[PDB]
Structure formats: structure tokens, C-alpha cells
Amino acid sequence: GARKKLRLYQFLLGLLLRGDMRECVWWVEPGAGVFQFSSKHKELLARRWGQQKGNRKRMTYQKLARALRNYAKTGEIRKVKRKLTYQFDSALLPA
């Protein structure tokens, strides 16, 4: 009996779709899947991610961005050439 936990891209996509923590992350170009983190309030979302996963240490945005870097391999999220800006693969977005 192995318990399921959220993946980072799901956590973030759920935040965006529901308009939660809109002070910490927001759509920049929603039709294109492009979103961006708040420069001042991103660590609050980071801590919320750590709690969500029940990790032993406090989650910081450095460790969160470090995690996002690995998605370059599988392609669910890529970094965009804009400050604290990222992009979801379009197969995660409606038509």
C-alpha cells in the first residue's frame, strides 16, 4: 500500500487553475501556459509546498527551483528567459 503524493508541476498547476496563492504565482500569458513567481512572496508558496509533501526540512524556493530544473529532462515545465518565469507544456492546458 504505497501512498500517492503530488508532483511539483501538479501542485503549481493546481494553484494557478484555482487562483490560490495569487500573490505568490500568477499566469503571465495563460493561453501560452506561461507563469511567474513573486519576487517577494515566493518563499511562502515554497513553504506551502514543503508542508504539502510533509518533508522533514523547511522548503525554500531555491530547493523548489532546483527541483523544477529537472523537468527539462521530461518536459512538463521549462524555464523561460524571464525573471522567475516558467512555462507548462501545452499538453497540460485546455484546447
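All residue numbers refer to positions in the sequence shown, first residue = 1.
*Asks:* By its CA B factor, does residue 7 count among the lowest, middle or highest third of the modelled residues in the chain?
*Replies:* Lowest third - that is where residue 7 ends up once the chain's C-alpha B-factors are sorted.
*Asks:* Which third of the chain holds residue 21 when residues are ordered by C-alpha B factor: lowest, middle or highest?
*Replies:* It falls in the top third of the chain.
*Asks:* When the modelled residues of the chain are sorted by Cα temperature factor, does residue 73 land in the lowest, middle or highest third?
*Replies:* Middle third.
*Asks:* Looking at the C-alpha B-factor of residue 45, is it in the lowest, middle or highest third of its chain?
*Replies:* For residue 45, the deposited C-alpha B-factor lands in the middle third.
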